[PDB]
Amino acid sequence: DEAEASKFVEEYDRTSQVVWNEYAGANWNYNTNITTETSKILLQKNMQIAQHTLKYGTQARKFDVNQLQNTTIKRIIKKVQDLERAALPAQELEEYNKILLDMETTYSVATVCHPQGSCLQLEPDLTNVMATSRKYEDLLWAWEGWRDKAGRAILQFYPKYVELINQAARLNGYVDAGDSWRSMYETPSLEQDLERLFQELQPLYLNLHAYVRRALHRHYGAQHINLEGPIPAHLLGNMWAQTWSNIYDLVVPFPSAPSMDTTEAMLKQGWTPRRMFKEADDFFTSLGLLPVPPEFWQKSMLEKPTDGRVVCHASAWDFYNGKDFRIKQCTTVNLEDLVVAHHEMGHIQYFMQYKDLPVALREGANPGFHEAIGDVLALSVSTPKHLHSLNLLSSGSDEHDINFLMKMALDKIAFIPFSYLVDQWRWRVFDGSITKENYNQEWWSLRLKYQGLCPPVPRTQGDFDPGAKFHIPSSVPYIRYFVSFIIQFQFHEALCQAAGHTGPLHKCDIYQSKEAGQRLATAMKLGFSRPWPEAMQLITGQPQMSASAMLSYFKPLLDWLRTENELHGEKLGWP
């Protein structure tokens, strides 16, 4: 009756755990040891997973979900009927598995070489060049070189990947793969919701862009910077211009205020990756949240290992037995990686909070929620006060404040258009409005229209700049990070009120608030069990996504930018 459904979900649950546990293992062993062997064993455990999905997913398809009374079991069964790639016929499944492997690998082993000099990798070499060099020509060398070797090299596999991920979405009942992705939020009004959210951030973003443009004009000179045109995409301190905080020192509002490079100070005081994660764990436990188990310290890879190996992109790992969780990060000892550690630590925290739900229901209330936990804590960590107490700053005034808000704005506000544009591009690739004759040009339309950037070198057929960003070859959806950046402010705003904080939201530090831990924990325990507005409502007292907490956090900076931009006559925007 209803009792065959009960028995099925029970059985899918027990067998999931085993097969997922074995595949997590092999997937780890390869990400920390790119070989042809580990390559194999994984392409192997991929088959086993696929066959477990096909068999439970076939059975789930046989139940009429209409007729189910139990809401939890309805929801599990509905989700298991989505086989994903396992829906592909054997040949294409094999081809698709090969393509993704080849895209990841290509991206991860790319190097940019000086002629008769030596060869730079993405992490940490090209990252450091992008972060610290202040020579137009050196930045251009790294920016173009990366697109030339990672970008172009992905172009050969993308149309084939597109057809396969589309085929699988069709055979699971969606129209294309972007439709499939959008459905993880169960929110039919999503595109307009995000559009509305994006439009509310424009005044802050335009104001920051104009102010930074003026600062680059001053450093790199009038012949290199059009004061009414887009910013050249290689001057923002980051490979993708997706965060700008590495150029903080070109744009300091109040340089007469005392300041310490945090990065400078961590190095002096002999901080290690271990310390960075220990600090993050301490922040989690200060709120009454879970510590990572002892196993996590034994088993994680928290630095690039030394013995000539690895996938360096930071990621968090659930191994699906509720005891083994891990992080794999090639940590640099800087502020940027300290934030990243917090980010990954929040994914770990979610894994532990939801470890007792059925597996099908082990996900964020929405993917945006999974992305926001670590970030919320890190907004507290980043406060001057908190950093003072870490012995990483000297630490008052209106001046110090604006400076601080400007550091934050170079991370949070600048990323808003970036994080928005990625899936706008991919959605259009998936639904077939953009073709391989068009990939790059349409990537540039979006970079220009949302971010107000231009390529420093004309692009030519043969370029595929999207493949130069990790999530594109690895096929990881990106809109999550846009949702994250909005909702992390809302959460931060709510946790500050729970914690008894008063006055300006950007002074809040929720370290050691047990009230704040409780809101988060009950939200995270829900997993993917309830529509996400219910978790929003638990954390924040209402159920909608809203820009107003972000706007209100940055409100002093927006007043400052307007006054400053107006003094100088800035024309906000670009043509």
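Start at 1 with the first residue shown and count on from there.
ask   = Would you class the number of unmodelled deposited residues between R309 and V310 as none, 1 to 3, 4 to 9, or 10 or more?
value = Gap between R309 and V310: 1 to 3 residues without coordinates.
Gap size between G396 and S395, counted in deposited residues that the entry leaves unmodelled = Count of unmodelled residues in between: 1 to 3.
query = Going by the B-factors listed in the PDB entry, is the mean over the C-alpha atoms higher for 522-530 or for 63-71?
reply = The stretch with the larger average C-alpha B-factor is 63-71.
message = Highest mean C-alpha temperature factor of the two stretches 480-488 and 92-100, which is it?
response = 92-100 has the higher mean C-alpha B-factor.
inquiry  = Using only the C-alpha B-factors in the record, can you name which of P230, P124, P367, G374 has the highest?
reply    = That would be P124.
ask   = Highest Cα B-factor in the PDB entry belongs to which of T263, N166, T435, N207?
value = It is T263.
Position of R326 among the chain's modelled residues by C-alpha B-factor, lowest, middle or highest third = Middle third of the chain for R326's C-alpha B-factor.
ask   = Within this chain, which third does the Cα B-factor at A24 fall in: lowest, middle or highest?
value = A24: CA B-factor falls in the highest third of its chain.
query = Lowest, middle or highest third: where is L558 by C-alpha B factor in its chain?
reply = According to the entry, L558 has a C-alpha B-factor in the chain's lowest third.
request  = Using the B-factor values recorded in the entry, state whether the Cα atom of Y185 falls in the lowest, middle or highest third among the modelled residues of its chain.
outcome  = Tercile = lowest for this residue's CA B-factor.
task = Place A549 in the lowest, middle or highest third of its chain's C-alpha B-factors, as listed in the PDB entry.
result = Ranked within chain, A549 CA B lands in the lowest tercile.
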